[PDB]
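Heads up, the thing below is written out as structure tokens.
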Amino acid sequence: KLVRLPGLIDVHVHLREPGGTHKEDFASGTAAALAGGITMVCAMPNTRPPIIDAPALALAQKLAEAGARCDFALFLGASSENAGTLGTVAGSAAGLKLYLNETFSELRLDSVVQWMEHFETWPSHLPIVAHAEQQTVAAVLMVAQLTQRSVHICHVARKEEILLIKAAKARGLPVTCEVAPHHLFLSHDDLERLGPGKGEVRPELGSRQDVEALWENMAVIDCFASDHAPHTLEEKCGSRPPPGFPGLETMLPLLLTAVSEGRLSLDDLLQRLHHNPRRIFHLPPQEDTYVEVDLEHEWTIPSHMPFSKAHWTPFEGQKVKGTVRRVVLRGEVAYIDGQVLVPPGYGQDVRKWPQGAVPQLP
Ligand SMILES: O=c1[nH]cc(F)c(=O)[nH]1
Ligand SMILES: [Zn+2]
Ligand SMILES: [Zn+2]
């Protein structure tokens, strides 16, 4: 029989609009979200132009309100120049994103003093999330401690990183983290199939011991989040391949397969794709919204899923069990067995809902 799930939330997607709309756009990316059982997305700021100032945020808001099919919030991006400038618009964003390592990003902050300046100037009650790999996780945690506030670590991929976060949580430090499906379901073993172009992602694919360590430390993982990072196959297979994988349409099917194999419970899944995203990012509930899944249907991931403009997937050939049958978003059928039924522009900026503002002391 079907199982009804609440509206799932992905706090880490790249929708590529503005400036990279051949890779994705709000319409195609949120179509891919609905097809993956996702009714609310938080979109990263590494677009063209990047969302690193009030005018770029206003532009992206309209673009999102016109093209998004599911609901959304938009990240602001930290830059080497905008610390202390974001106070009037900070509350309207999903949170502040820091790029602390090299990746598909023009926003790297090279001095730790720039990190501190952001942690000090960004309103302390609003989320800060970091792309922070290996020792950079410990470095950014230190900055959070010096500035006495929380931090959220994006796509944790390594035994090294999850064990460090585990030690920090055991000392009572306010740190949360997310893990992406490719770091749970792929590894070095797959680089031969993928090749060095397709296989290019940051954080890179881990060893089998990295993958095993994340599964063993499920209790340390607060959120699953796709880091949906679409690029075209041409780009992935070209001279300088940009890192990243598309993932909205495969994330939930992969995770449902793990559930059916007894590797985690349905509750563990709902904690990490609904409750914890809500509470870490202060995201509002979605009225009359739910996802119906079929845990019985077995299928094989094809060479590309229907909706993402990436038109490729590193999970090709994996056998999954579990499929999104229907999604209702705020009282409308949004998706059924491969058909997206709400138009571009149906989706709304949740930070403009009364319940979607982050509460704060006057
Ligand atoms: O972390 C990321 N890697 C690659 C990307 F294209 C992107 O948007 N984000
Ligand atoms: Zn990243
Ligand atoms: Zn990302």
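We number chain A the same way Swiss-Prot does; the residues here are 1460-1821, in that order.
Looks like X-ray crystallography, 2.0 Å, at least that's what the header says.
In case you wondered, yes, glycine gets a Cβ from its N, Cα and C as well.
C1613 (Zn(2+) 2 binding site) carries neither a helix nor a strand DSSP state and counts as coil. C1613 (Zn(2+) 2 binding site) has a Cβ environment of 25 other Cβ atoms inside 10 Å. The Zn(2+) 2 binding site annotation in Swiss-Prot covers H1471, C1613, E1637 and rests on experimental evidence.
Long-range C-beta contacts of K1556 (Zn(2+) 1 binding site), restricted to its own chain and to partners at least six residues apart, with a cutoff below 8 Å, comprise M1503, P1504, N1505, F1534, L1535, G1536, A1537, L1566, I1587, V1588, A1589, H1590, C1613. Swiss-Prot lists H1471, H1473, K1556, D1686 with the feature Zn(2+) 1 binding site.
The (S)-dihydroorotate binding site annotation in Swiss-Prot covers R1475, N1505, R1661, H1690, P1702 and rests on experimental evidence. Contacts of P1702 ((S)-dihydroorotate binding site) defined by a Cβ separation under 8 A and a same-chain sequence distance of 6+ are given as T1562, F1563, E1659, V1660, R1661, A1688, in order along the sequence.
Following the DSSP three-state reduction, the secondary structure of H1590 (Zn(2+) 3 binding site) is strand. Under the heading Zn(2+) 3 binding site, Swiss-Prot lists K1556, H1590, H1614, citing experimental evidence as support.
What Swiss-Prot lists as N6-carboxylysine is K1556, and the listing cites experimental evidence. According to DSSP, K1556 (Zn(2+) 1 binding site) sits within a strand segment.
Following the DSSP three-state reduction, the secondary structure of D1686 (Zn(2+) 1 binding site) is coil. Residues or ranges marked as active site, for DHOase activity by Swiss-Prot: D1686.
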- Pairwise CA distance, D1686 (Zn(2+) 1 binding site) versus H1471 (Zn(2+) 2 binding site), rounded so that it is a whole Å: 5
- Message: Based on a Cβ-to-ligand 2 distance below 6 Å, what subset of the binding-site residues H1471, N1505, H1590, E1637, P1702 would you report?
- Response: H1590
- Cβ contacts within 10 Å for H1614 (Zn(2+) 3 binding site), all chains included, total 24
- Item | binding-site residues near ligand 1 among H1471, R1475, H1614, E1637, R1661 (Cβ under 6 Å) | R1661
- binding-site residues compared (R1475, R1661, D1686) - highest count of Cβ atoms within 10 Å: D1686
- Listed in sequence order, residues with CB under 8 A of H1473 (Zn(2+) 1 binding site) and six or more positions away: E1483, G1488, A1502, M1503, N1505, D1686, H1687, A1688, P1689, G1703
- Message: For ligand 3, list the binding-site residues among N1505, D1686, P1702 whose CB atom is within a distance below 6 Å of it, in sequence order.
- Response: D1686
